[PDB]
Structure formats: C-alpha cells, structure tokens
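Asker: Just dropping this structure here.
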Amino acid sequence: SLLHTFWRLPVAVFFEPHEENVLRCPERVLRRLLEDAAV
Amino acid sequence: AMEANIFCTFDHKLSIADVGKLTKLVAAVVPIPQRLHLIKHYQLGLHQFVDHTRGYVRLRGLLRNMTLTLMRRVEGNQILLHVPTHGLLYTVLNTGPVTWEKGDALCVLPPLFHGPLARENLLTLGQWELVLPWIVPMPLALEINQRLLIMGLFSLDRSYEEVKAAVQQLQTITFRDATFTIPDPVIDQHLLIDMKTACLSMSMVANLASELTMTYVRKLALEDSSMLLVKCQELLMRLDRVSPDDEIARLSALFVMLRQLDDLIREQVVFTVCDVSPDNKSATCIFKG
Amino acid sequence: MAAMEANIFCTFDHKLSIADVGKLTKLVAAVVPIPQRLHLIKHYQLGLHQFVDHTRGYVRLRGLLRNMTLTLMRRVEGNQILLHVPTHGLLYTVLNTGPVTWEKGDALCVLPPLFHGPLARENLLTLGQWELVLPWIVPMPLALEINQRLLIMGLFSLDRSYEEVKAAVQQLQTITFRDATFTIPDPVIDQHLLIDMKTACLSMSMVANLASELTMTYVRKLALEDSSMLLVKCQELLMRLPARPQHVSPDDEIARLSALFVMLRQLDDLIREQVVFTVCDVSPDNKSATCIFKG
C-alpha cells in the first residue's frame with residue numbers, strides 16, 4: 001500500500017506557499033473524509 | 001639618487017668568459033634567503049639546498065617563501081639585484097622551457113634537473129654552481145604538481161605491468177609545443193621522505209574524512225533547519241550501497257594533516273605578463289606578490 | 001563623496017593627563033582598527049572598545065575585525081593622532097602588543113585580545129568608560145591554532161554531556177606556542193560558528209565523496225611493509241581492515257584530485273584568514289619590526 005520513494009532520507013523544507021503545499025490533512029481529517037465518502 | 005638594490009659580491013675569482021656568460025642574464029629571476037644588503041655568492045639560487053635524500057617537494061617548500069629578486073647590472077666585484085615591489089612592471093627573462101603569452105599567470109617553480117645534468121651551460125665554479133628556477137605558466141605548474149603527486153602516490157607497487165604503463169604514460173606532460181617529460185620520484189625503489197609525507201597526509205585526510213563524518217552527521221541530525229544536511233547524509237548512506245579522546249585526537253590530526261598541505265593545495269601567482277618581446281625570450285611582467 | 005584619505009587625524013574630547021599621553025607615546029607605529037575612514041574622526045571610532053558585548057563571541061569579534069579597516073598610528077601629540085592607512089605593497093614598521101616574540105619570514109595576522117578583562121591587567125587608556133583595546137598581532141601558527149581549536153570546540157558541543165566538554169576543555173584550552181601560555185576565552189554556540197560548522201560539514205562530506213580507491217588503500221598498502229614512527233603514530237587512528245589492485249586510470253584521477261584540491265581549498269579558508277603582515281627583519285628586542293604587505 002505504501003509508496004516507494006527514491007531519496008530514502010526525508011528533507012526539511014522552507015515551506016513556501018509560493019510552491020505547492022503537501023497533502024496537509026491529519027489523520028482526523030482522513031478518517032472523517034473516510035466517513036463522508038462512506039456516507 | 002640610487003635605487004633600493006641588493007649588492008652581491010663574488011668570493012671566487014671571476015674570468016671574462018664567466019662574466020660574459022653572466023651578462024646574458026640581465027633581467028633574470030633570482031631567489032634570496034633573506035633580503036640583506038650585502039650577500040655572498042653562495043646565496044644566489046637553490047644550490048645551497050640541493051640534496052640527495054631530499055627531493056622536489058622540499059625545494060617547493062623552500063621556494064614558496066623564498067624572497068625572489070631580479071638582477072639589474074653586472075660589473076666588476078658587484079652584482080646589483082633589484083627587489084621587486086607589488087605593483088610595478090619589470091622585465092623578466094624566460095629561462096624556462098616554454099614560451100609565454102599575453103596574460104598568462106606566472107609563478108616560480110624549481111628546476112626539474114638536478115646538479116647531474118648534461119644540457120646545462122651555466123655559471124660554474126670549483127664547487128658552486130648557479131641554478132635558476134624557471135617561471136612556467138600557472139596551468140603548467142598545476143599540472144606538474146598534480147601529475148607528480150599522482151605518480152608519487154604509486155611509489156609502492158611498481159612490480160605490476162599496468163602501473164608501469166600508468167607511470168610511463170604519466171611521466172610526460174602535454175603543453176604548447178611541449179613534449180616535455182618529468183623524471184620519476186622513485187629512484188631505485190626507495191622514496192624521498194617529504195614526498196612520502198605529502199602523499200601520506202593526502203591519504204590520511206582522505207581516510208579521516210571518509211570515516212568520521214557519518215558519526216558527526218548522526219550527531220548533527222537533530223538541529224536540521226537547512227536543506228543541506230539530509231542530502232549530506234544521503235550521500236553517506238549511498239556510499240555503502242566511539243571514545244571521545246580518540247575522536248578528539250582524530251579531529252586534531254585531521255586539521256594538522258590538512259595544515260601541512262597548504263604548500264600543495266594552494267600557491268600564489270608571482271608574475272603576470274603585460275607583453276611578450278619578439279623571439280619570446282623576454283617579457284615585461286608586472287609583479288604581483 | 002571624495003577620495004579615501006591616507007592621513008587620518010584623531011581627536012580626544014575629554015581632558016588628558018600627562019601620564020595618558022606618555023602611555024600613548026609607546027603606541028606610535030602600531031596598529032589601531034577603525035571602521036570609518038574619514039579625516040577627523042573622534043576617539044569613539046578608535047579601537048575595539050565600541051564593540052565589546054555581554055556575549056563576547058570571539059568568532060564574531062574576529063569577523064567584525066576582519067571587516068574592519070586597519071591603520072598605523074603616527075606622531076601622537078597633544079590631542080591629535082595621525083593615522084596612516086597603508087597601501088598594498090609598501091614597507092614600514094609595526095609593534096607587537098601580545099606576548100609573542102617574532103622571528104623572520106613568518107606572516108602575521110590580526111586577532112582581538114584573548115582573555116580580555118581585569119584578569120590579565122591591561123591598563124590601556126581608561127577614560128569615560130572607554131578603554132583603548134588594540135588587536136593583537138600574532139604570527140600565523142597562533143592564529144591557525146586559535147581558529148582550529150575554535151572549530152573543534154564548535155564541533156564538540158553535540159550530544160556529549162556538559163561534564164565531557166568540561167573534561168575536554170582542560171586538555172583543549174591550553175596553547176603553549178613559543179614558551180607562553182594562552183587560554184581560549186568562552187567557547188559557546190553562536191550563529192557564526194554553526195554557519196562555519198555547516199560549511200565544514202559540507203566540505204568534509206564532499207572530500208569524503210571525491211576520494212578514489214587508492215587514497216583509501218594507500219595507508220593499508222603502506223603500513224604492511226614499512227615501519228616508520230610517523231606510520232606508528234598514523235596507523236592507530238584507523239580501523240583494522242601481495243595485493244593486486246583492481247583498476248587504475250590516470251586521466252580520471254587528474255580531475256578527481258583537482259576537485260579534491262578545490263574542496264581542500266574550500267576547507268582551508270575556514271582556518272586561514274589572510275596574510276596581513278609579512279615580516280622582513282626584526283629588532284634585537286623583538287618589540288618592533290619592519291614589515292611588507294602594509295595593510
């Protein structure tokens with residue numbers, strides 16, 4: 001299920017909003033959206 | 001008024017043929033140990049430092065802090081040497097092997113041929129023998145120092161055939177009309193000591209750097225605020241695919257083995273060319289020291 | 001704006017006793033640092049005592065005095081000081097202030113004074129809570145040892161306990177260059193030393209990358225047959241593990257050692273500041289020396 005990335009060690013970012021943001025919903029919002037896509 | 005020169009005497013007797021040979025070198029580069037005002041003739045060049053068990057790299061160490069000078073006028077009993085200053089232009093003779101061009105960076109370099117030599121016709125005395133460091137362009141000096149360090153790094157395993165091919169194709173240099181070759185640092189399978197110290201310190205800083213940086217980025221991975229450290233240790237995890245006193249002594253050894261390599265990893269350009277006279281035996285180089 | 005003035009007249013505003021001007025007559029033909037390079041600057045710009053902080057970060061003071069503009073003192077008189085900021089290549093004299101005797105041939109550098117305070121008894125022109133703090137002129141062994149020990153003290157401050165760094169400073173803060181004791185003042189983690197640590201980390205990783213197999217196995221092919229006492233000292237600082245090598249190519253090792261040279265140059269500037277004064281010939285009391293590379 002989990003993906004396979006090339007760079008094995010993860011990178012700290014400047015967190016530019018000028019770039020694209022990175023999938024920033026936590027596990028609560030994931031489980032809630034699971035319930036909303038369910039019902 | 002006169003100019004701030006260095007008088008130089010000659011203790012041995014001088015003949016008219018020797019003065020006629022000496023007056024070819026009007027504006028020639030000459031090194032001096034310390035800038036006094038009356039020097040003897042045993043302090044004109046590197047023949048006070050020519051030795052058997054020591055070789056090229058010791059001469060490079062002595063030459064880089066030697067206070068060089070230019071001859072001005074030859075006459076009876078006295079040789080007027082001119083001390084060049086930073087920011088004036090000076091005529092300088094090309095006693096070297098290669099012609100220069102307009103704009104080449106020029107630096108001193110000891111002669112590759114020792115006292116035993118068949119091609120020299122220089123100022124010769126009963127024991128004293130005038131030698132003179134060449135001035136080559138800085139790409140040639142970098143290439144000579146680099147190729148000599150590489151073919152001195154193979155001073156231990158000359159039994160094999162492929163390393164003989166590597167050294168004998170590395171024994172020569174390729175420059176502008178130059179099939180010039182440089183002699184081997186290995187003489188009869190024992191190495192001069194300071195070349196051994198140079199390549200030993202090279203391998204030592206290499207092995208220390210390749211061993212301790214992984215432990216230090218393990219200790220550094222908690223302060224990660226910039227995007228450089230993660231790829232810095234991604235390199236170390238890519239390569240494979242502790243008591244405090246020992247690493248303290250290791251780090252001090254790292255910096256001192258680096259600090260003994262300043263003569264090799266850098267050197268300063270001495271002259272630089274403003275123009276080249278016709279027939280390429282002279283140039284009017286502005287000093288830069 | 002007009003040209004840079006080589007002649008700079010200083011001026012005190014407060015009263016001066018006879019003892020202060022007498023103590024200042026010894027400082028003729030010596031270095032004072034200034035940031036201004038105007039013509040008639042006051043004494044507030046003269047020297048380091050406009051820059052002493054609570055933190056006393058010595059690497060920060062080293063950088064700020066590196067950025068500073070040097071000059072030599074000339075012909076002190078009643079409430080005037082002529083300063084001669086020198087041109088690149090001429091020749092006049094300087095005067096030591098730190099307790100380092102000088103020889104010939106060794107280049108000099110500018111360093112802020114170590115262990116500065118009332119512990120070492122420097123009675124230099126105290127007036128109106130303004131002292132005159134001169135930079136020390138040390139030869140390049142002392143400067144390299146100070147910057148090297150500041151770099152190892154910046155490296156050592158990670159993941160080891162405070163007791164281990166306090167047990168290492170008694171081995172590391174001592175310097176005995178030319179029969180005189182020198183103590184490193186206050187090793188602390190500021191911003192500039194961690195910036196220099198970042199540059200050192202990148203340079204040491206890249207010189208670890210750009211090494212070939214022969215620089216790896218040189219000491220392992222040399223320590224098998226040769227027994228030198230330098231090899232006795234150099235063997236023990238590695239790990240444990242005739243022998244024909246696998247591959248060899250000089251026309252690749254040329255550029256590989258060229259890049260290792262440029263990385264060693266990029267590590268070398270973290271310790272060597274610059275050549276600032278070269279000494280020609282010293283006096284028989286070593287308290288004054290004529291020097292080239294004047295400024």
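By convention in this document, the chains of the structure tokens carry letters A, B, ... by their order, each chain's residues are numbered from 1, and ligands are numbered from 1 in the order they are shown.
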So that each row is one residue of chain C with an atom at most 7 Å from chain B, can you give its shortest atom pair and the distance in Å to one decimal, using only C-alpha atoms, rows by chain and rising number, as CSV?
Answerer:
```
residue,atom,partner,partner_atom,distance
C:89,CA,B:86,CA,5.0
C:158,CA,B:219,CA,6.3
C:159,CA,B:219,CA,6.3
C:202,CA,B:232,CA,6.7
C:204,CA,B:209,CA,5.8
C:205,CA,B:213,CA,6.4
C:207,CA,B:209,CA,6.7
C:208,CA,B:210,CA,4.4
C:211,CA,B:206,CA,6.4
C:215,CA,B:203,CA,4.7
C:216,CA,B:207,CA,6.0
C:218,CA,B:203,CA,6.3
C:219,CA,B:203,CA,6.9
C:237,CA,B:250,CA,6.5
C:250,CA,B:166,CA,6.6
C:254,CA,B:146,CA,7.0
C:261,CA,B:265,CA,5.5
C:264,CA,B:265,CA,6.7
C:265,CA,B:265,CA,6.4
```
Asker: Do a neighbour search on residue C:49 at 10 Å with only C-alpha atoms, toss out local chain neighbours closer than 3 positions, and write the hits as a list in words.
Answerer: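 Contacts, with the query itself left out: residues 44, 45, 46, 52, 53, 129, 130, 131, 132, 133 and 134 of chain C.
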Asker: Pull out every residue of chain A sitting within 7 Å of chain B, counting only C-alpha atoms, and send them as an MDAnalysis selection string.
Answerer: chainID A and resid 9:13
Asker: Find the distance between atom CA of residue C:87 and atom CA of residue C:294 and write it in Å to one decimal.
Answerer: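 Separation between atom CA of residue C:87 and atom CA of residue C:294: 6.4 Å.
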Asker: Out of B:137, B:96, B:20, B:116, which residue has the shortest atom-to-atom distance to residue B:270 when counting only C-alpha atoms?
Answerer: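 Using only C-alpha atoms, the shortest distance to residue B:270 belongs to B:137.
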Asker: So which residues touch residue C:185 within 10 Å, counting only C-alpha atoms, skipping near sequence neighbours fewer than 3 positions away, as a PyMOL selection string?
Answerer: chain C and resi 56-58+113-116+150+173+182+188
Asker: Considering only alpha helix (DSSP H) as DSSP defines it on the backbone, what residues of chain A qualify? List them as a PyMOL selection string.
Answerer: chain A and resi 27-38
Asker: Extract, using only C-alpha atoms, all DNA, RNA and protein residues at most 9 Å from residue C:20, discarding same-chain residues fewer than 4 positions from it, and format them as a PyMOL selection string.
Answerer: chain C and resi 16+24-25+124-126
Asker: Would you write out those residues with N, CA and C atoms, as a tab-separated table (two decimals), in the first residue's frame?
Answerer:
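Result saved to selection21.tsv:
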```tsv
chain	number	residue	atom	x	y	z
C	16	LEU	N	43.12	65.20	29.12
C	16	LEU	CA	44.15	64.18	29.20
C	16	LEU	C	45.22	64.60	30.19
C	24	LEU	N	50.59	56.79	25.67
C	24	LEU	CA	50.22	56.73	24.27
C	24	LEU	C	51.42	56.91	23.34
C	25	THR	N	52.49	57.53	23.82
C	25	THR	CA	53.71	57.65	23.01
C	25	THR	C	54.38	56.31	22.75
C	124	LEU	N	45.08	50.20	29.58
C	124	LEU	CA	45.19	50.92	28.31
C	124	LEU	C	44.13	52.02	28.22
C	125	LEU	N	44.50	53.20	28.73
C	125	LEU	CA	43.85	54.48	28.43
C	125	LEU	C	42.39	54.52	28.88
C	126	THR	N	42.16	54.15	30.14
C	126	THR	CA	40.82	54.16	30.69
C	126	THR	C	40.37	55.61	30.93
```
Asker: Enumerate the residues of stretch 66-208 of chain B with a DSSP assignment of strand (DSSP E or B), computed from the backbone, and present them as a PyMOL selection string.
Answerer: chain B and resi 67-75+78-82+89-93+105-109+124+129+134-137+172+175+178+181+187+190
Asker: Save out the residues we just selected, N, CA and C atoms, as a CSV table (one decimal), in the first residue's frame.
Answerer:
```
chain,number,residue,atom,x,y,z
B,67,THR,N,62.5,34.8,-0.9
B,67,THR,CA,62.3,36.2,-1.3
B,67,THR,C,63.1,36.4,-2.6
B,68,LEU,N,62.3,36.3,-3.7
B,68,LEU,CA,63.0,36.3,-5.0
B,68,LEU,C,63.3,37.8,-5.4
B,69,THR,N,64.2,37.9,-6.4
B,69,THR,CA,64.6,39.2,-6.8
B,69,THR,C,65.1,39.1,-8.3
B,70,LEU,N,65.4,40.3,-8.9
B,70,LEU,CA,65.8,40.4,-10.3
B,70,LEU,C,67.2,41.0,-10.3
B,71,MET,N,68.0,40.5,-11.2
B,71,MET,CA,69.3,41.1,-11.5
B,71,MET,C,69.1,42.4,-12.3
B,72,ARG,N,70.0,43.4,-12.1
B,72,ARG,CA,69.9,44.6,-12.8
B,72,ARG,C,71.2,44.8,-13.6
B,73,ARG,N,72.4,44.8,-13.0
B,73,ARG,CA,73.6,45.1,-13.8
B,73,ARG,C,74.8,44.3,-13.3
B,74,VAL,N,75.6,43.9,-14.2
B,74,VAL,CA,76.8,43.0,-14.0
B,74,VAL,C,78.0,43.9,-14.2
B,75,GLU,N,78.9,43.9,-13.3
B,75,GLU,CA,80.2,44.6,-13.4
B,75,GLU,C,81.2,44.0,-12.5
B,78,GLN,N,80.7,43.3,-8.1
B,78,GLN,CA,79.4,43.5,-7.6
B,78,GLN,C,78.3,43.3,-8.6
B,79,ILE,N,77.3,42.6,-8.1
B,79,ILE,CA,76.1,42.3,-8.9
B,79,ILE,C,74.9,43.0,-8.2
B,80,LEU,N,74.3,43.9,-8.9
B,80,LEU,CA,73.2,44.7,-8.4
B,80,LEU,C,71.9,43.9,-8.6
B,81,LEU,N,71.3,43.4,-7.5
B,81,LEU,CA,70.0,42.8,-7.6
B,81,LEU,C,68.9,43.8,-7.2
B,82,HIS,N,67.8,43.8,-7.9
B,82,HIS,CA,66.7,44.7,-7.6
B,82,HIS,C,65.6,43.9,-7.0
B,89,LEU,N,56.0,47.2,-12.9
B,89,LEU,CA,56.2,46.3,-14.0
B,89,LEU,C,57.7,46.1,-14.2
B,90,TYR,N,58.1,44.9,-14.5
B,90,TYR,CA,59.6,44.6,-14.6
B,90,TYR,C,59.8,43.7,-15.8
B,91,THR,N,60.9,43.9,-16.4
B,91,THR,CA,61.4,43.0,-17.4
B,91,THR,C,61.9,41.7,-16.7
B,92,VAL,N,61.5,40.6,-17.3
B,92,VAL,CA,62.0,39.3,-16.7
B,92,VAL,C,62.3,38.3,-17.8
B,93,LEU,N,63.5,37.7,-17.7
B,93,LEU,CA,64.0,36.8,-18.7
B,93,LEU,C,63.3,35.4,-18.6
B,105,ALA,N,49.3,33.6,-16.2
B,105,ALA,CA,49.7,33.7,-14.8
B,105,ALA,C,50.9,33.0,-14.5
B,106,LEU,N,51.9,33.6,-14.0
B,106,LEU,CA,53.3,33.1,-13.9
B,106,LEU,C,53.7,33.0,-12.5
B,107,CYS,N,54.4,31.8,-12.2
B,107,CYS,CA,54.8,31.5,-10.8
B,107,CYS,C,56.1,30.7,-10.9
B,108,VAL,N,56.8,30.8,-9.7
B,108,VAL,CA,58.1,30.2,-9.7
B,108,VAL,C,58.0,28.7,-9.5
B,109,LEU,N,59.0,28.0,-9.9
B,109,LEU,CA,59.0,26.5,-9.9
B,109,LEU,C,60.5,26.1,-9.9
B,124,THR,N,79.6,28.2,-13.5
B,124,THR,CA,80.1,27.0,-12.7
B,124,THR,C,81.4,27.5,-12.1
B,129,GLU,N,77.7,26.2,-8.1
B,129,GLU,CA,77.1,26.0,-9.5
B,129,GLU,C,75.7,26.8,-9.5
B,134,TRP,N,62.8,28.1,-13.0
B,134,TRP,CA,62.0,28.6,-14.1
B,134,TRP,C,60.8,29.3,-13.7
B,135,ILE,N,60.2,30.0,-14.6
B,135,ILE,CA,58.8,30.6,-14.5
B,135,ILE,C,58.0,30.0,-15.6
B,136,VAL,N,57.1,29.1,-15.2
B,136,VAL,CA,56.2,28.5,-16.1
B,136,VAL,C,54.8,29.1,-16.0
B,137,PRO,N,53.9,29.0,-16.9
B,137,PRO,CA,52.5,29.4,-16.7
B,137,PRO,C,51.8,28.6,-15.6
B,172,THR,N,55.1,12.1,-18.7
B,172,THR,CA,55.2,13.2,-19.6
B,172,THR,C,54.0,14.1,-19.5
B,175,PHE,N,51.9,20.2,-23.4
B,175,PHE,CA,51.6,21.7,-23.4
B,175,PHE,C,51.9,22.2,-24.8
B,178,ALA,N,55.2,21.3,-26.5
B,178,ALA,CA,55.9,20.8,-25.3
B,178,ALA,C,55.7,19.2,-25.2
B,181,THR,N,59.1,16.0,-20.5
B,181,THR,CA,58.8,14.9,-19.6
B,181,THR,C,59.4,15.3,-18.2
B,187,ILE,N,63.4,6.6,-7.1
B,187,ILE,CA,64.8,6.3,-7.6
B,187,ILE,C,65.3,5.0,-6.9
B,190,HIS,N,63.3,3.3,-3.5
B,190,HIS,CA,63.2,3.9,-2.2
B,190,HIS,C,62.8,5.4,-2.4
```
Asker: What's the 8 Å shell around residue B:39, counting only C-alpha atoms, without same-chain residues fewer than 6 positions away, as a PDB file with N, CA and C atoms, in the first residue's frame?
Answerer:
```
ATOM      1  N   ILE B   6      70.178  45.344  -3.971  1.00  0.00           N
ATOM      2  CA  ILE B   6      70.979  44.436  -3.159  1.00  0.00           C
ATOM      3  C   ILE B   6      72.294  44.207  -3.884  1.00  0.00           C
ATOM      4  N   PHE B   7      73.394  44.588  -3.250  1.00  0.00           N
ATOM      5  CA  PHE B   7      74.719  44.334  -3.792  1.00  0.00           C
ATOM      6  C   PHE B   7      75.051  42.869  -3.552  1.00  0.00           C
ATOM      7  N   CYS B   8      75.738  42.241  -4.500  1.00  0.00           N
ATOM      8  CA  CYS B   8      76.175  40.859  -4.355  1.00  0.00           C
ATOM      9  C   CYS B   8      77.611  40.730  -4.839  1.00  0.00           C
ATOM     10  N   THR B   9      78.479  40.200  -3.990  1.00  0.00           N
ATOM     11  CA  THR B   9      79.881  40.045  -4.323  1.00  0.00           C
ATOM     12  C   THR B   9      80.140  38.630  -4.831  1.00  0.00           C
TER      13      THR B   9
END
```
Asker: What is the distance, in Å and to one decimal place, between atom CA of residue C:66 and atom CA of residue C:186?
Answerer: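 So the two atoms, atom CA of residue C:66 and atom CA of residue C:186, lie 19.8 Å apart.
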Asker: What's the 7 Å shell around residue C:32, counting only C-alpha atoms, without same-chain residues fewer than 3 positions away, as a list in words?
Answerer: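 The contact residues come out as residues 46, 47, 70, 71, 72, 73 and 134 of chain C.
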Asker: Would you save the residues of that selection, restricted to N, CA, C and O atoms, as an mmCIF file, in the first residue's frame?
Answerer:
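This is the output file part01.cif:
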```
data_model
loop_
_atom_site.group_PDB
_atom_site.id
_atom_site.type_symbol
_atom_site.label_atom_id
_atom_site.label_comp_id
_atom_site.auth_asym_id
_atom_site.auth_seq_id
_atom_site.Cartn_x
_atom_site.Cartn_y
_atom_site.Cartn_z
ATOM 1 N N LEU C 46 37.895 54.894 17.498
ATOM 2 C CA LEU C 46 39.267 54.414 17.565
ATOM 3 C C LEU C 46 39.369 53.194 18.465
ATOM 4 O O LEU C 46 39.360 53.316 19.692
ATOM 5 N N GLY C 47 39.476 52.021 17.862
ATOM 6 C CA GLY C 47 39.725 50.809 18.618
ATOM 7 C C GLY C 47 38.491 49.954 18.812
ATOM 8 O O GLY C 47 37.387 50.257 18.353
ATOM 9 N N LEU C 70 42.188 48.613 8.777
ATOM 10 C CA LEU C 70 43.373 48.814 9.597
ATOM 11 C C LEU C 70 44.018 50.162 9.309
ATOM 12 O O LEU C 70 43.794 50.764 8.257
ATOM 13 N N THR C 71 44.830 50.622 10.261
ATOM 14 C CA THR C 71 45.723 51.755 10.064
ATOM 15 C C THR C 71 46.845 51.678 11.086
ATOM 16 O O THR C 71 46.777 50.926 12.061
ATOM 17 N N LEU C 72 47.883 52.471 10.852
ATOM 18 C CA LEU C 72 49.013 52.593 11.757
ATOM 19 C C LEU C 72 48.993 53.959 12.429
ATOM 20 O O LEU C 72 48.591 54.958 11.829
ATOM 21 N N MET C 73 49.429 53.999 13.678
ATOM 22 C CA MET C 73 49.496 55.250 14.411
ATOM 23 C C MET C 73 50.793 55.970 14.048
ATOM 24 O O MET C 73 51.824 55.345 13.804
ATOM 25 N N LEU C 134 43.480 47.397 21.617
ATOM 26 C CA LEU C 134 44.238 47.150 20.401
ATOM 27 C C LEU C 134 44.135 45.682 20.013
ATOM 28 O O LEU C 134 44.092 44.815 20.885
#
```
